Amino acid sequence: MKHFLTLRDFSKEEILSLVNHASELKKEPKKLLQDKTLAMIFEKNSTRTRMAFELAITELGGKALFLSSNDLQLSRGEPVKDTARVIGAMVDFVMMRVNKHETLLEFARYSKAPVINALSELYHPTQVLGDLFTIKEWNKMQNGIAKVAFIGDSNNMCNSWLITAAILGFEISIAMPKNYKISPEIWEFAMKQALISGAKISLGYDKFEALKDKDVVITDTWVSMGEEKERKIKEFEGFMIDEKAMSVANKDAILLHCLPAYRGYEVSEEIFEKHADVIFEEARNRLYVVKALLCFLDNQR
């Protein structure tokens, strides 16, 4: 039985078929999960995420249960294996948004129901799936390859993009400040994968180098939740995405941001609003992708 904790556990073919299914569903919605149930466990609230999941299962014919931070104190009252052995036995799927990946792993270990990583400090795979869906929608996938730049932290988003690029065969440039490092274990996995898929990966500390010859620019907040700051902002001096920065990329390149955005920091107001349409489709598109993911996990029991 398969969980969905990271795209690392999936094939190029599997990932692409999730995006194609999403697309079919967006076009022609079907109630493929009649009466199925999804428990949603949040350790830290995210309205954007919740919407995506709640609506995903709902539209597919099922029901969602929202168990919040207040509602559900994980590893703070009862142990996780206990919670897993009750909740994971009563519902068809469990999504979790967690502070720490270990928690997902520990839950999955004892969950009869497939567990979905709605966000952890290591990986944010649903988001990348949505980003991907969006790239395809905006016809920025020439030749099954995408030429992508990621600018920001060595955070979860970076990890997941690095990985996915590696699996899919994308050309990706990553840019973060000089003092910032990427996990050697993750990096190794990507190196291996690139060999098989022909990925052109590069990692640096120069925004403008990363941006050269790119059709898709991806950025993210610098001050990550919980990790709140004043010193960090000063470290990300050159790193804002602005008009001059987008100029360096290819003509008509799209800007993606997972949100929320902090105008005047990782992104300028002008440039952000310049790309409202794509940024907010991006936000919404997580729906179609979670749908696909849920149908998929339902068939891999």
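Just count from 1 along the sequence shown to find any residue number.
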| item | value |
| --- | --- |
| Count class of coordinate-free deposited residues lying between the neighbours residue 228 and residue 229 | 1 to 3 |
| Segment of higher mean CA temperature factor, 109-117 or 150-158 | 150-158 |
| Per the entry, higher mean C-alpha B factor between 12-20 and 285-293 | 12-20 |
| Maximum C-alpha temperature factor, selected from 177, 88, 79, 125 | 177 |
| Selection by C-alpha B-factor (highest) of 73, 103, 164, 134 | 73 |
| Third of the chain, ranked by Cα B-factor, where residue 130 sits | lowest |
| Third of the chain, ranked by Cα B-factor, where residue 92 sits | lowest |
| Third of the chain's Cα B-factor distribution that residue 43 belongs to, per the entry | middle |
| Record-listed C-alpha B factor of residue 265: chain third | highest |
| B-factor third for the C-alpha atom of residue 83 within its chain | lowest |
